[PDB]
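Undergrad:
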Amino acid sequence: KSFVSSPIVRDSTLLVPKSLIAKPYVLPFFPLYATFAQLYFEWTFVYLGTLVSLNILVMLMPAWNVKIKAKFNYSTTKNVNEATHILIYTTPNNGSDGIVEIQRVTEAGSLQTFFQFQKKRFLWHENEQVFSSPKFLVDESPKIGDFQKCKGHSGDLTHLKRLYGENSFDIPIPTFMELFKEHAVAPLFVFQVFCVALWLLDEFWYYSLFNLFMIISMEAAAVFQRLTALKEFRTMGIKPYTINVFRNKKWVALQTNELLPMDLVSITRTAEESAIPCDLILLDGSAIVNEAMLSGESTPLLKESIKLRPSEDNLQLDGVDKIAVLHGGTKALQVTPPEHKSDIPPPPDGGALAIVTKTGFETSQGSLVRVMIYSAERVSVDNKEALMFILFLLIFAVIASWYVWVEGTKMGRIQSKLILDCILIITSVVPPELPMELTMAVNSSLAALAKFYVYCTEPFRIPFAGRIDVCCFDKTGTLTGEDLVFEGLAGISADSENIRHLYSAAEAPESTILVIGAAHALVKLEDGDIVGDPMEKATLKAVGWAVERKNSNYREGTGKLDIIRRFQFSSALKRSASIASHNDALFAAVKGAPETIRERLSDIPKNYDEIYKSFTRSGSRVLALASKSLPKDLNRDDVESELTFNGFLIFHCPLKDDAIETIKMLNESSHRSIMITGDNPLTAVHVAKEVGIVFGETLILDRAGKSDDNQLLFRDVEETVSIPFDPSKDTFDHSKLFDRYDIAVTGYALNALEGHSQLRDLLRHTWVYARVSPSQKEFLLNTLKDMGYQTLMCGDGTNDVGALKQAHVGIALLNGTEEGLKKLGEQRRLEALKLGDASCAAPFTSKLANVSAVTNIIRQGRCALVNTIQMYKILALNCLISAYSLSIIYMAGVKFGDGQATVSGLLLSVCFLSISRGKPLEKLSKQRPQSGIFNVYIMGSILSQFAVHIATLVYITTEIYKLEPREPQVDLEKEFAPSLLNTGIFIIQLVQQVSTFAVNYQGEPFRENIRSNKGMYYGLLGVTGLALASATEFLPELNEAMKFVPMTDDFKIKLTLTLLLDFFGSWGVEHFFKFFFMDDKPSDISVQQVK
Ligand code: ALF
Ligand SMILES: [Mg+2]
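Residue numbers (full-length UniProt numbering): 4 to 44, 55 to 645, 653 to 851, 952 to 1211.
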């Protein structure tokens, strides 16, 4: 039959529409209408009411669900030539199900049946008879022969236009009405308009009118808040610009929309506020890209061509062959034209030839944007907790409605008009805005965050950030600034009477300064700029070299130097070498970590082992410099064969100004903060000890000797204590090691301890991991998740992008300057800082440099959680109080007026306005809020406060019935007339709702006290003053204007004392339950102790 093969879909069945007669909501109902018309030709109007209600509900039901829609409207078919829709069942982790429309169109004499799901195309492959997404050639492993030989699209290419589609993000913003039409059918809005219809049937005109106005206003606000996000996602797509495209064996200038895979383009310097069109691959030339978006890093990489690789043999690896790929969405700082001639002519502009590989949403950035927009997960996915919470209130509602019905039957009330009061109560218990609470809280939190330049991409991670047990920090770029001072050269003294004897500058032998000048990766752009590693710039400026436009770097007052050919720098065998030439002869330079350089050169100074350990133990970060004279294009293992030492390079990387305070706050706020770095263990331990992650002594796990026999040693920064350990037999001693030393683990000892029984006993008591590879950070975060701890990681570069994506909440600190943002905002204003500039490296993205982003995110998540809790409690209590007051008043005849109900509504909306506003404390607290609706705190507090309120209500009702008696009459009508019961019940309801507002407000440990903020304090005092002036008859005209019967002087005392004691009882109960059951206990990892 018909299927769809794709990782998104799970199953699908074809559909075809049904005529209007056969639908379930037209034909089966005519017999019922006819039966009503026959039986009619009092008590029968309710029959017609419920009939029309069931009809409208069955008519609306297809819009709530999708399976119901496909079962009502469409009939499943198994012939692909007749269907006009298809129902797509999604996989459990990609978006939600949906119905999509099959389209047909003929091309070149053969029609092609297709549709489009989640902006991911499909087509109809006849020979397989299954809808299959387009598969690009670069996905499966190609031989680079066909990539080198490609010469652009020729002839008519409409089929490719249909298969791959245009190259542009397709994010449509719907008109306001076309979106309000989709919100007006949701179950919640339908229920609210149903309630308003009931209140109209009960002859409440002004009240229902005001309520309907409020409903419409809230829905329009929600639609605007939903449209602004779509308007924010659209800025990631660039604006099209013209690049020359090779088609039909000649250069014709096409725009960027009209690009297909395997199409030759010519890329140039990227324009302002633009990027690379699509995922290209260099075919000839050279470029220097700035992979800011995908990698969250600033240092410009250097991309190289593909022509040099052998054609028939090798395979396109995207491993070693990664210096040729150019992603989509990164800037290109400088591009150089091809050197030699080729079979194809040179482009007219100064650009380099490149081949397209992926277009549209299927590029690297495009796939992430699609998953971000369409297949995103909403907050509070379960929703069963909220539904059960609403059902509990409805149980209470039925418990009250039964008594209302029994007493209404007793007092001779008309049943036909009593069923409506039962329905009013049962529908008044239900609060409509309950499930959409966390979403509004999260939106407010996101705005308050974006005020700090901390832009977020996936917003369902905010409730995760409240209760965090472990925080992981990368060292270089996160806890340590980029700017680094230069202390001086060391170890050049051949005599070396002193170990810590440094040579500053202008005193080293000329060989050393030549080596420090020749071996660098800087380049001077044509316009005039220096782009490269900031460390090399600092070193090269401090020594006194200067880089020129051509590769020569000279004018240092000591000669002229030019760089002939250089070698790249790789993490494996980390070192960099380059070949240079001076006026006299030719030599070579090399600069890498001192360990690897040691095993390279022949002449080994007697104290080489001691010097770099003496300089690395205390803060500094050393590198080695070695050279060799070379007499007059060859391999790398020859230039690095034998070398001669020339000194060290000793840098002091200082901490960020905001690191110590952030780590101190996180340590005091019941969080455990650990370090995961890539530097050698001694520097990691020193920085961790200076910041405040380790306190006491520290032990290190490393290899014992040069033998790789997998035997570790517990060593110390000073070699005083050395405890041997063996992974095969020995097991960690708890009180001998972990209770004294706060140990730190290396990447090698972590790799050798795999499979141990005590790996998960060691991963609790260590706080510093050093020399870990980019793949082991993923393993560490996966294990810290598996143990049951929620995690956080904040890292800058590409060493830790996998870790950032694995952690529960990930932050990427994009190092920037405040004055740079000021200049950018000023230029934008003359022409805020939209999300478009933020990267796609992690969920969150701090646009500034300082580390306070972690604290800020934690604070906002915590406040969102606690605000949700208080809103749950307040809504439930107000609803229950209102329902039981309505029941007490409806048992007898009397009912509220119109103005009384409207005034109550306005006086409570006054408090609803203020209560949302709150300010968080600057310091975090040890008490973290727990997640969930069902727990002892919420249910206990709600139930007990409600017990107090019902006690008060029963007491005053007994008193009122004692003062004036009501007798059961025949054929009553619930009419409004000023009496004592109406007054008593109205004042009590209005006072007790305000009392719950004032009692269930969240206090000091999480936010600012109620007394502090005035917009709520003064509102509550105003409403209390009005209610108490009403209850005490301070103004007779005020009571007369609202039709309040004069109360006997003895009754005022009971009423006022009753309310004033109700408030105190409620306050005491809630304070008790809060002080006992509020905050959950922190984990077994975030405790502070050492002997
Ligand atoms: F210096 Al790193 F991960 F950025 F070890
Ligand atoms: Mg880093």
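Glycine residues also receive a C-beta, built at the ideal position from the N, C-alpha and C atoms.
Taking 7 Å as the cut-off, is the C-beta of residue 819 nearer than that to any heavy atom in ligand 2?
TA: What you label residue 819 is simply residue 799 of the sequence shown in a count that begins at 1. For ligand 2, at least one heavy atom lies less than 7 Å from the Cβ of residue 819.
Undergrad: Can you tell me whether residue 816 sits near ligand 2, meaning its C-beta is under 7 Å from at least one heavy atom of the ligand?
TA: Counted from its first residue, the sequence shown places residue 816 at position 796. Yes.
Undergrad: Go ahead and pull the three-state DSSP assignment for residue 449.
TA: Mapped onto the sequence shown, residue 449 falls at position 436. In the structure shown, residue 449 sits in coil (DSSP, three-state: anything other than H, G, I, E or B).
Undergrad: Using only CA atoms, which one of 1130, 195, 954, 127 lies nearest to residue 465?
TA: Start at 1 with the first residue of the sequence shown, and residue 465 comes out as number 452. Out of 1130, 195, 954, 127, 954 has the C-alpha closest to the C-alpha of residue 465.
Undergrad: Give me the Cα-Cα distance between residue 678 and residue 1123, rounded to the nearest whole angstrom.
TA: One-based indexing of the sequence shown puts residue 678 at position 658. One-based indexing of the sequence shown puts residue 1123 at position 1003. Distance between the alpha carbons of residue 678 and residue 1123 is about 29 Å.
Undergrad: Can you check which of these residues, 309, 571, 426, is closest to residue 969 by C-alpha distance?
TA: Counted from its first residue, the sequence shown places residue 969 at position 849. For the residues 309, 571, 426, the minimum Cα distance to residue 969 belongs to 309.
Undergrad: Taking the straight line between their C-alpha atoms, what separation do you get for residue 652 and residue 225?
TA: Since the chain is numbered 645 and then 653, with no step between, residue 652 has no place in the structure shown.
Undergrad: Would you check if there are 3 or more beta carbon pairs closer than 8 Å linking the segment 101 to 108 to the segment 226 to 243?
TA: Not touching, per the Cβ criterion.
Undergrad: With the cut-off set at 8 Å, would you say residue 316 and residue 336 are in Cβ contact?
TA: As a first step, residue 316 is located in the sequence shown; it is residue number 303 there, counting from the start. As a first step, residue 336 is located in the sequence shown; it is residue number 323 there, counting from the start. Cβ distance < 8 Å, so residue 316 and residue 336 count as in contact.
Undergrad: Just grab the DSSP bridge partners of residue 935 for me.
TA: Examination of the chain shows a numbering gap from 851 to 952; residue 935 is inside it and therefore has no coordinates.
Undergrad: Leaving out the 5 sequence neighbours to the left and right, which residues in its chain are closer than 8 Å to residue 103 when beta-carbon positions are compared?
TA: Counting from 1 along the sequence shown, the entry for residue 103 is found at position 90. The residues are 11, 12, 13, 109, 110, 111.
Undergrad: Taking contact to mean 3 or more Cβ pairs, one atom from each stretch, closer than 8 Å, check whether the segment 1016 to 1026 and the segment 1091 to 1109 are in contact.
TA: With the cut-off at 8 Å, the segment 1016 to 1026 and the segment 1091 to 1109 touch.
Undergrad: Does the pairing of the segment 1166 to 1177 with the segment 663 to 678 give three or more beta-carbon distances under 8 Å?
TA: Touching, no.
Undergrad: Is residue 722 near ligand 2, in the sense that its beta carbon is under 7 Å from a heavy atom of that ligand?
TA: As a first step, residue 722 is located in the sequence shown; it is residue number 702 there, counting from the start. No, Cβ of residue 722 sits at least 7 Å from all heavy atoms of ligand 2.
Undergrad: Output the residue ranges of the beta strand (DSSP E) runs that lie fully inside the segment 363 to 406 and measure 3 residues or longer, sorted by chain position.
TA: Within the segment 363 to 406, the complete beta strand (DSSP E) runs of at least 3 residues are 365 to 371.
Undergrad: Do residue 538 and residue 544 have their C-beta atoms within less than 8 Å of each other?
TA: The residue given as residue 538 occupies position 525 in the sequence shown. The residue given as residue 544 occupies position 531 in the sequence shown. Yes, the pair counts as a contact, with Cβ atoms nearer than the cut-off.
Undergrad: Where does residue 345 sit, in a helix, a strand or coil, going by DSSP?
TA: The count along the sequence shown starts at 1 and reaches residue 345 at position 332. In this structure, residue 345 counts as strand in the three-state DSSP scheme.
Undergrad: Using the rule of at least 16 other Cβ atoms within 10 Å of the residue's Cβ for burial, across every protein chain shown, is residue 986 buried or exposed?
TA: Translated into the one-based positions of the sequence shown, residue 986 becomes position 866. When all chains shown are included, residue 986 counts as buried.
Undergrad: Heavy atom of ligand 1 less than 7 Å from the Cβ of residue 825, yes or no?
TA: Position 805 of the sequence shown, counted from the start, is the residue given in the question as residue 825. Incorrect: residue 825 has no Cβ contact closer than 7 Å to ligand 1.
Undergrad: Taking 7 Å as the cut-off, does the CB of residue 487 come closer than this to any heavy atom belonging to ligand 1?
TA: Position 474 of the sequence shown, counting from 1, holds the residue named residue 487. Residue 487: yes, Cβ under 7 Å from ligand 1.
Undergrad: Determine the direct distance from the alpha carbon of residue 635 to that of residue 362, and round the result to whole angstroms.
TA: Within the sequence shown, the letter at position 349 stands for residue 362. Within the sequence shown, the letter at position 622 stands for residue 635. C-alpha separation (whole angstroms): 45 Å.
Undergrad: Residue 304 by DSSP, collapsed to three states: which one?
TA: For the purposes of this step, residue 304 is taken as residue 291 along the sequence shown, with counting starting at 1. DSSP places residue 304 in coil when its eight states are reduced to three.
Undergrad: Compute the minimum distance between the beta carbon of residue 452 and the heavy atoms of ligand 1, and state whether it is under 7 Å.
TA: Locating residue 452 in the sequence shown gives position 439, where the first residue counts as 1. Checking the Cβ of residue 452 against ligand 1 gives no.
Undergrad: Need the endpoints of the beta strand (DSSP E) that residue 1136 sits in, please.
TA: Within the sequence shown, numbered from 1, the residue matching residue 1136 stands at position 1016. No beta strand (DSSP E) holds residue 1136; the alpha helix (DSSP H) holding it covers 1134 to 1151.
Undergrad: Looking at the secondary structure, which residues open and close the beta strand (DSSP E) in which residue 599 lies?
TA: Counted from its first residue, the sequence shown places residue 599 at position 586. Residue 599 -> beta strand (DSSP E) spans 599 to 605.
Undergrad: Could you give the C-beta distance for residue 39 and residue 61, rounded to a whole number, given that I count them as a contact under 8 Å?
TA: Position 36 of the sequence shown, counted from the first residue, corresponds to residue 39. Position 48 of the sequence shown, counted from the first residue, corresponds to residue 61. That pair is a contact at about 6 Å.
Undergrad: For residue 275, which of helix, strand or coil comes out of DSSP?
TA: Against the sequence shown, residue 275 aligns to sequence position 262. Coil.
Undergrad: In this structure, does DSSP put residue 440 in helix, strand or coil?
TA: Numbered from 1 along the sequence shown, position 427 holds the residue referred to as residue 440. Reduced to three states, the DSSP call for residue 440 is helix.
Undergrad: What is the rounded straight-line gap between the Cα of residue 643 and the Cα of residue 528?
TA: Start at 1 with the first residue of the sequence shown, and residue 643 comes out as number 630. Start at 1 with the first residue of the sequence shown, and residue 528 comes out as number 515. The alpha-carbon atoms of residue 643 and residue 528 are separated by roughly 13 Å.
Undergrad: Who pairs with residue 566 in a beta bridge, going by DSSP?
TA: If you number the sequence shown from 1, residue 566 lands on position 553. Note: residue 566 sits in a beta bridge opposite 560.
Undergrad: What three-state label does DSSP hand residue 196 in the structure shown?
TA: Locating residue 196 in the sequence shown gives position 183, where the first residue counts as 1. It is helical.
Undergrad: On the DSSP letters alone, give me the boundaries of the beta strand (DSSP E) that residue 765 sits inside.
TA: Mapped onto the sequence shown, residue 765 falls at position 745. 764 to 766 is the extent of the beta strand (DSSP E) around residue 765.
Undergrad: For ligand 1, is there a heavy atom less than 7 Å away from the beta-carbon of residue 699?
TA: By one-based count along the sequence shown, residue 699 stands at place 679. Residue 699 Cβ: within cutoff of ligand 1.
Undergrad: Could you tell me the alpha carbon to alpha carbon distance between residue 559 and residue 526, rounded to whole angstroms?
TA: In the sequence shown, counting from the first residue as 1, residue 559 sits at position 546. In the sequence shown, counting from the first residue as 1, residue 526 sits at position 513. Cα-Cα distance, rounded: 12 Å.
Undergrad: Would you mind sorting residue 725 into buried or exposed? The rule is 16 or more other CB atoms within 10 Å of its CB.
TA: Numbered from 1 along the sequence shown, position 705 holds the residue referred to as residue 725. Residue 725 is exposed by the Cβ-count criterion.
Undergrad: Within 7 Å: the Cβ of residue 490 and any heavy atom of ligand 2?
TA: Taking the sequence shown and counting its residues from 1, the one referred to as residue 490 is at position 477. Checking every heavy atom of ligand 2 against the Cβ of residue 490, one is found closer than 7 Å.
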